[PDB]
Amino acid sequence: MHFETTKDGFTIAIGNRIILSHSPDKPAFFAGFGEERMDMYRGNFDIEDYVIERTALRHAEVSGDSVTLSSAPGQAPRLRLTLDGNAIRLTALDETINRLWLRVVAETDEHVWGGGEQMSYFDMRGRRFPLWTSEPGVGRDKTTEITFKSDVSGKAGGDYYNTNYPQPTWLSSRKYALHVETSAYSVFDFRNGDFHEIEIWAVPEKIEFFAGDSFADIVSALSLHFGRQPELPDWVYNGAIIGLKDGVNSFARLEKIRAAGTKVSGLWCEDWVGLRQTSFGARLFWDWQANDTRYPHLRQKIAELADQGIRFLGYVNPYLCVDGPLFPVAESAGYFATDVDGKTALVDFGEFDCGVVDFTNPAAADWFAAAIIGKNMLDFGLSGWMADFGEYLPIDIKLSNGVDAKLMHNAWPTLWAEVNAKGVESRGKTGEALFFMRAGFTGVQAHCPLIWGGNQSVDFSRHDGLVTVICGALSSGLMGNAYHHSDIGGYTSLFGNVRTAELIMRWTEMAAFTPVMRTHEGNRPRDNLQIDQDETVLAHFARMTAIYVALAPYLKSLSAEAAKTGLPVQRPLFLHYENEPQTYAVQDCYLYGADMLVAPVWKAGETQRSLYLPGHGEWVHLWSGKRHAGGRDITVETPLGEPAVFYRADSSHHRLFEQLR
C-alpha cells in the first residue's frame, strides 16, 4: 500500500487503486459517541442508535508510516493510522470514541459483493447493510402479508439486510477486497456515488486489503486468510440426505423413498433428541443425547443403516433447556452465561427457556466438544448433524472472559463452529463427519465444512423463497465458504403458507446442482407436503438424485478445486467473464464450477426461463443437446424435470454431461 501527498492532504492506494482520500474539506474519518438500544425478542433485534457526537477528523499530522488525526489544528489527537503492509492499523487516542465512520473512495458504476451471506441483494451498491447476526426474518419484505403478520405477532418479519451470517468484508468491482477486523456492530453504507461509508461501534484493530489482476485471485487470497474447508466426504456422493422427524415411522418412510429408486447417502433425524410442541410447530427438545422414548433402539438402527450404505445425521445447538437433564449438570459446573446478579441467564426461545453455554469459558467449550459432540454424537455413530443457532446472544448478559456481550454477540457463531470442529478433530473425523451451520461471522470458514441457507419460507417469494438461496450461495462463496445448500422445499410454514408440489420439484432441480441434496419436514410437518407423499413429486425427486449421483465426478473435481484454489462450487458469472458487464449483478444464476451454468426457475407457473448466456463460445443445453452461442439473452423450455442447465461445449467432462440426457 502506497501513502501519497495531494494539494490539500493525502491518499492511500493498493496499486493503481486509490482507497482512502483525506483533506480538511473532504475528510476520510469521523469519530464520536452513541447510546444504542438492541432489544432481543426470540433472536430478532430491534436496533436503534442515538448519535450524540459525529465529528470529522479534519486535521492529519504525518510522521513516517503513522498519521495522527484530530477534529481541527491545535486540538487533542483522537485517532492514529499506521500503514503496515496490506493493513491500516487504528489506535483510539480518545477512550470516549465508540462510533467511527470511514469513507472509502468509489466510482459511480462500481459493484460491491460479500457482506457475509446476503439473502436479498448480491450487489450491495445503493443500499445500507448493518452486520449483526440474528434471525434473518420471515418474509423479509415490509410489502408482503407474511412479513406484516410476523412483525405483528413476533417482531419477526425482518428486512433485506437481516442475516444469520453477516461479515464485514466486501469485494469491489475495482478488483480489491476490504476486511474490517472487529466483532462490533458495523454498517456498510453504499448509498453514495463517490464513497462507501463504514460505520463501526468500536475502533477496529485494523482494516486489511487484498488486490489482484482477477476476482478469482482475490477470492483465493480471501479463502487463504479466513481458512479453507476440507473436501466433501466421499459418502455425500451416494445421494440425498433424507430429513424426517417422525420417530420410528421415519424408517418406514425412508423404505418407501428408497423403493421409488431414490439415491440416499444419509438419514437425518433432527428429532433424535425428541420433540417439543409449541405454537410455532413441532420443535425439538434441546437436550443433546439420544432420546430412548422417541427412538428406542437408535444405536442398532444406525448400524443397520450403515450396513445398507446409509449414514445417520442428527441435530445440536449451543443452548440447553431448563427442563432437560443436561441443564443442571452444566449449571453445577458453572458453564452458563450469567445475568447482572450472577444467576444463570435464561433466554426465551419461544415458549421455553434455555441457558447459553459460555464458550468464552474454556472448560465449557471443552465439555461441549468432548461430552456432546464426541461422546453423545460421534461415538454414538452420527456421521454428521445440523449445528444450529449461534445468533441469539443478548447484549445484557455477562461472559466468563469479561468481554462485553456487544463484542461477543457476532463472535458467537465462530466460537460455536470451533466447538463442533474440535469435537470432530478429537475423533480424527475431519473431512469425514459433516456438520452444517446457518450462522456465521469472520473465521467460521476455518471450522465449518458446509453452510446451509437457514430458514426460507415455503414459497417462491423474492425476499424469503427459493431465489434467496442463490444470493446466499454467491455472497458466502466470495467470502471463502466453498460449500452451500438449502432445505429442499424451504422450512417456514406460518399463517397458512404451505408447500406446493411445484415448489418442492423446482427446489429439488436446483439442489441436484449444489454440493448436498437434503430434505426437511419443516416446522409443521403434518400441514406441509413431504417428498414421500405425492407419487409425481417422489418420482421427480428420485430422478434428480440419479442426476446428482451421475454428476458426482464433476462435483468431486470442484471440491478438489475448492481445497487447492479456494473458489466456491457456486460461482457468480463475473468470476469467469470479467469483460462482460451484464454478468456483474446477476444473482438468480450461477456457474457450477467453470463448466456448467444453472438458472433455477424461482416462480410458480413458469414453463420457460430467460437468462444471460456469457462468453464467446458455445453452451450445450443439458436435456436437448441443442448448442447456444455465448454473449446474448436466451429463452429455453423448463418443464418439471428439465431445469435451465448448460455446459461449455469445450468441457473436458463433455462425455459425462452427454450421459445425463
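Numbering starts at 1 and follows the sequence shown.
**Student:** So, looking at the entry's B-factor column for Cα atoms, which has the higher mean, 521-529 or 424-432?
**Tutor:** It is 424-432 that shows the higher mean C-alpha B-factor.
**Student:** Select between 232-240 and 186-194 the stretch whose C-alpha atoms have the higher average B-factor in the entry.
**Tutor:** In the deposited entry, the stretch with the higher C-alpha B-factor mean is 232-240.
**Student:** Per the entry's Cα B factor values, which of 140, 149, 343, 438 stands out as the maximum?
**Tutor:** Out of 140, 149, 343, 438, the record gives the largest C-alpha B-factor to 343.
**Student:** By the entry's C-alpha temperature factors, tell me which of 43, 600, 625, 34 sits highest.
**Tutor:** Each of 43, 600, 625, 34 was compared by C-alpha B-factor; the highest is 625.
**Student:** Going by what the PDB entry lists, where does residue 540 fall on CA B-factor within its chain: lowest, middle or highest third?
**Tutor:** Middle third, going by the recorded CA B-factors of the chain.
**Student:** Ranking every modelled residue in this chain by its Cα temperature factor as given in the entry, which third contains residue 485?
**Tutor:** Tercile = lowest for this residue's CA B-factor.
**Student:** Taking only the Cα B-factors deposited for this chain, tell me whether residue 109 sits in the lowest, middle or highest third.
**Tutor:** Highest third - that is where residue 109 ends up once the chain's C-alpha B-factors are sorted.
**Student:** Lowest, middle or highest third: where is residue 211 by Cα B-factor in its chain?
**Tutor:** Residue 211: CA B-factor falls in the highest third of its chain.
**Student:** Test of reading the entry: by CA B factor among the chain's modelled residues, which third contains residue 294?
**Tutor:** Its C-alpha B-factor, which the entry lists for residue 294, ranks in the highest third among residues of this chain.
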